[PDB]
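Residues take their numbers from the sequence shown, with the count starting at 1.
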Amino acid sequence: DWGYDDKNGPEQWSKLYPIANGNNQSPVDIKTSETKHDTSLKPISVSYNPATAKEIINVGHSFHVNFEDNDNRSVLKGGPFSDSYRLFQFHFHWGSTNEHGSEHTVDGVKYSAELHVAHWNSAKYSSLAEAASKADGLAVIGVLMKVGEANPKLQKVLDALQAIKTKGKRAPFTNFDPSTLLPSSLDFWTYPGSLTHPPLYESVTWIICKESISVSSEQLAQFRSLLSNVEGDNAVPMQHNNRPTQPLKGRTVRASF
Ligand SMILES: NS(=O)(=O)c1cccc(NC(=O)NCCNCc2ccc(Br)cc2O)c1
Ligand SMILES: [Zn+2]
């Protein structure tokens, strides 16, 4: 039983998941004076098929938009990778108020939310289940979301939430290309890290975009109005779901720019 409350939250996760104190934990604070530019990093290349969009689900602590992952219709390539990675999900993290909510921070600056677009290594592994615990198994793009003007690209996502208000509800979510949510520039930082919540596997190559995307105060309010309880129980809004940043433990954050 993990969550984001005071008793089951990030600071207690290590009791059930000792890897929470590991050497490749995420998120991290990116100190830009300590990043190392790497001339070998190629540009990020995403090519997603909107027909792979499948379902939106309320998972209690968050909501997920999942994608069909039976073939290479929707892939991420380039950057630090020599393998192609298959899209399987995107989701967001947010905080209790606008002042925080992102997971990664840049030079100590906290943003209001963060988008995660997750992929698994289909060149090397046969399924997400096999890839999920492998050091080279997962690739996640993180986009920092800065509070400001309403972001119209979020519209379909936001409009879908009324059908998945409570824990366990799910609905079709089709014909959507999440590359439309990415910033204009794909300049990025990369470092070896982990899932940011249990099971916290140290299996993620992180791709953190330099450019933020916008989100309005009211759009964030829609996230926070999702309910963590099951239908019929007392309503418990999903106020936050961002993990604090974790020690780099000697890792190097590389920059593509
Ligand atoms: N971008 S991220 O915030 O680091 C991120 C991306 C993907 C997954 C998670 N963590 C969870 O889903 N934890 C709950 C278990 N749900 C089942 C399950 C699904 C996928 C994977 Br892989 C492992 C796994 O056990 C975090
Ligand atoms: Zn995430």
Side-chain angles (χ1 to χ4, degrees), residues 23-49 67 72 74-93 101-124 131 134-146 148 151 153 177-196 201-215 242-243 245-257:
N23 292 340
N24 299 89
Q25 285 296 289
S26 288
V28 299
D29 177 54
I30 298 173
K31 292 171 180 47
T32 57
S33 67
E34 305 226 63
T35 60
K36 75 151 190 111
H37 174 79
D38 191 334
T39 71
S40 71
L41 290 171
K42 304 178 122 201
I44 286 304
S45 148
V46 293
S47 176
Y48 301 149
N49 189 322
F67 289 73
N72 277 340
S74 289
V75 292
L76 159 66
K77 302 195 285 225
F81 304 117
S82 58
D83 300 327
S84 171
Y85 288 71
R86 186 174 299 178
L87 174 65
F88 72 98
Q89 180 187 103
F90 76 85
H91 66 255
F92 304 85
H93 303 258
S102 75
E103 297 210 293
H104 293 88
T105 58
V106 181
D107 294 313
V109 179
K110 308 185 293 304
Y111 293 89
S112 293
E114 186 169 328
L115 160 70
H116 289 162
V117 188
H119 313 72
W120 63 267
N121 191 334
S122 60
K124 292 194 52 172
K134 305 286 181 296
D136 58 358
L138 304 178
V140 185
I141 304 172
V143 185
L144 295 158
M145 299 174 60
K146 178 178 193 298
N151 187 335
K153 313 271 203 53
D177 176 355
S179 75
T180 60
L181 297 173
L182 297 183
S184 306
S185 161
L186 301 180
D187 286 353
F188 66 92
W189 296 290
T190 184
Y191 74 99
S194 76
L195 305 175
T196 67
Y201 292 146
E202 303 186 324
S203 55
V204 179
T205 302
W206 279 97
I207 303 292
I208 308 306
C209 288
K210 186 198 63 179
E211 188 182 314
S212 64
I213 64 174
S214 87
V215 62
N242 60 317
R243 188 190 192 189
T245 53
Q246 303 300 312
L248 264 184
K249 302 272 192 113
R251 290 172 281 175
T252 307
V253 179
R254 292 180 284 161
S256 76
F257 60 96

*Asks:* When you check the side-chain N and O atoms of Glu103 and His93, is any donor under 3.5 Å from an acceptor?
*Replies:*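 Distance-only check passes for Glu103 and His93.
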
*Asks:* Is a donor from one side chain sitting under 3.5 angstrom from an acceptor on the other, for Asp177 and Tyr48?
*Replies:*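 Side-chain D/A pair, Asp177 to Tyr48: absent.
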
*Asks:* Could you please spell out the steps behind the side-chain hydrogen bond (donor to acceptor under 3.5 Å, both in side chains) verdict for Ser122 and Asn72?
*Replies:* CA-CA 8 Å; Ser122 60; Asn72 277 340; 3.2 Å; yes

*Asks:* Considering residues, nucleotides and ligands other than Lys42, do more than 12 of their heavy atoms fall under 6.0 Å from its NZ?
*Replies:*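 Counting neighbours around NZ of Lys42, 12 or fewer heavy atoms of other residues, nucleotides or ligands fall under 6.0 Å, so no.
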
*Asks:* Any side-chain donor paired with an acceptor under 3.5 Å for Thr32 and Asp107?
*Replies:*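 Per modelled atom types, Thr32 and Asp107 side chains form a pair under 3.5 Å.
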
*Asks:* What I want to check is whether the side chains of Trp206 and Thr190 have a donor and an acceptor closer together than 3.5 Å.
*Replies:*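 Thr190 and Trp206 do not have a side-chain donor-acceptor pair below 3.5 Å.
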
*Asks:* Are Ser214 and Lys146 packed together at the side-chain level, in the sense that at least one heavy-atom pair is separated by less than 4.5 angstrom?
*Replies:*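 With C-beta onward as the side chain, the pair stays apart.
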
*Asks:* Measure from the side-chain N and O atoms of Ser74 to the backbone N and O of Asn49, and report whether any donor-acceptor pair falls under 3.5 Å.
*Replies:*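 Yes; judged by distance alone, with no hydrogens or angles, the pair exists.
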
*Asks:* Do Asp83 and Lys124 sit within salt-bridge range, that is, some charged N less than 4.0 Å from a carboxylate O?
*Replies:*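 Answer for the salt bridge query: no.
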
*Asks:* Go through the steps to decide whether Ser203 and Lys134 satisfy the test side chain to side chain contact (heavy atoms under 4.5 Å, CB included), and finish with yes or no.
*Replies:* CA-CA 5 Å; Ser203 55; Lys134 305 286 181 296; 5.6 Å; no

*Asks:* Using the six-membered ring wherever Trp is involved, compare the ring planes of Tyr85 and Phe81 and label them parallel, tilted or perpendicular (cut-offs 30° and 60°).
*Replies:*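 Rings of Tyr85 and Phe81: tilted, 30 to 60°.
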
*Asks:* Output the distance between atom CD1 (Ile44) and atom OG (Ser256), rounded to the nearest 0.5 Å.
*Replies:*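 Reported to 0.5 Å precision, the distance equals 8.0 Å.
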
*Asks:* Would a distance-only check, ignoring hydrogens and angles, find a side-chain to backbone donor-acceptor pair under 3.5 Å from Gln246 to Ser26?
*Replies:*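 Absent.
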
*Asks:* Is there side-chain contact between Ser102 and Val109, with at least one heavy-atom pair below 4.5 Å?
*Replies:*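 In short, these two side chains do not touch, never coming nearer than 4.5 Å.
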
*Asks:* Which value, rounded to the nearest 0.5 Å, describes the distance between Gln25 atom CD and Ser194 atom OG?
*Replies:*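 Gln25 atom CD to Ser194 atom OG measures 3.5 Å (nearest 0.5 Å).
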
*Asks:* Do any pairs count as a salt bridge (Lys or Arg N to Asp or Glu O under 4.0 Å) and have a residue in residues 28-38, sequence neighbours left out, and if so which ones?
*Replies:*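 Those involving residues 28-38 are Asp29-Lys31, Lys36-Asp38, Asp38-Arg254.
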
*Asks:* Taking atom OG of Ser179 and atom CZ of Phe90, what is their separation to the nearest 0.5 Å?
*Replies:*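 Going from the OG atom of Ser179 to the CZ atom of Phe90 covers 11.0 Å.
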
*Asks:* Would you say the side chain of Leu87 lies within less than 4.5 Å of the side chain of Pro178, judging by non-hydrogen atoms?
*Replies:*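 Yes, close enough: below the 4.5 Å cut-off.
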
*Asks:* Do you know which two heavy atoms are closest between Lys249 and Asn23, and how far apart they sit?
*Replies:*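 In this case the closest contact between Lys249 and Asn23 is NZ-OD1, 3.5 Å.
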
*Asks:* Mind listing the closest non-hydrogen atom pair of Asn121 and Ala131 along with its distance?
*Replies:*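 Heavy-atom minimum between the residues: N-CB, 4.3 Å.
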
*Asks:* For the residue pair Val204 and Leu195, establish whether any side-chain heavy-atom pair is separated by less than 4.5 Å.
*Replies:*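 SC-SC contact between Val204 and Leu195 confirmed.
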
*Asks:* Please confirm whether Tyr191 and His104 have ring centers closer than 6.0 angstrom.
*Replies:*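 That pair passes the under 6.0 Å test.
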
*Asks:* Decide yes or no for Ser112 and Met145: does some side-chain heavy atom of the first lie under 4.5 Å from some side-chain heavy atom of the second?
*Replies:*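 No, too far: nothing below the 4.5 Å cut-off.
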
*Asks:* Could you give the distance from CD1 (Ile213) to CG (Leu182), rounded to the nearest 0.5 Å?
*Replies:*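 Rounded to the nearest 0.5 Å, the CD1-CG separation comes out at 7.5 Å.
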
*Asks:* Is the side chain of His119 donor-acceptor paired with the backbone N or O of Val117 at a distance under 3.5 Å, no angle test?
*Replies:*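 Side chain of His119 to backbone of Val117, a donor-acceptor pair under 3.5 Å: yes, one is there.
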
*Asks:* Can you tell if the side chain of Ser185 reaches within under 4.5 Å of the side chain of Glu211, non-hydrogen atoms only?
*Replies:*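 Yes, side chains in contact.
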
*Asks:* Identify the heavy atoms of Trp189 and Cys209 that sit nearest to each other, and give their distance.
*Replies:*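 Looking at all heavy atoms of both residues, the closest pair is CZ3-O, 3.8 Å.
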
*Asks:* Is any side-chain heavy atom of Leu248 closer than 4.5 Å to a side-chain heavy atom of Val253?
*Replies:*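 Heavy-atom side-chain distance check passes, below 4.5 Å.
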
*Asks:* How close do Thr196 and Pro27 get, heavy atom to heavy atom, and via which atoms?
*Replies:*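 Shortest heavy-atom separation between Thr196 and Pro27 comes out as CG2-N, 3.9 Å.
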
*Asks:* To check you understand the geometry: which heavy-atom pair defines the closest contact between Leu76 and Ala139, and what is its length?
*Replies:*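 Minimum heavy-atom separation between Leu76 and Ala139: CD2-CB, 3.9 Å.
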
*Asks:* State, to 0.1 Å, how close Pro80 and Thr205 come at their nearest heavy-atom pair, and which atoms those are.
*Replies:*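 Closest approach of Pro80 to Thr205: CG-CG2, 4.1 Å.
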
*Asks:* Is any side-chain heavy atom of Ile30 less than 4.5 Å from a side-chain heavy atom of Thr35?
*Replies:*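 Contact flag for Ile30/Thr35 side chains = yes.
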
*Asks:* Rounded to the nearest 0.5 Å, how far does OG of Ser212 lie from CG of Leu144?
*Replies:*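 So the CG of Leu144 and the OG of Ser212 are separated by 7.0 Å.
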
*Asks:* Given the ring of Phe257, does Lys210 sit roughly above its face, with NZ or CZ under 6.0 Å from the centre of the six-membered ring and within 45° of the axis?
*Replies:*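 Output yes; distance and angle both within limits.
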
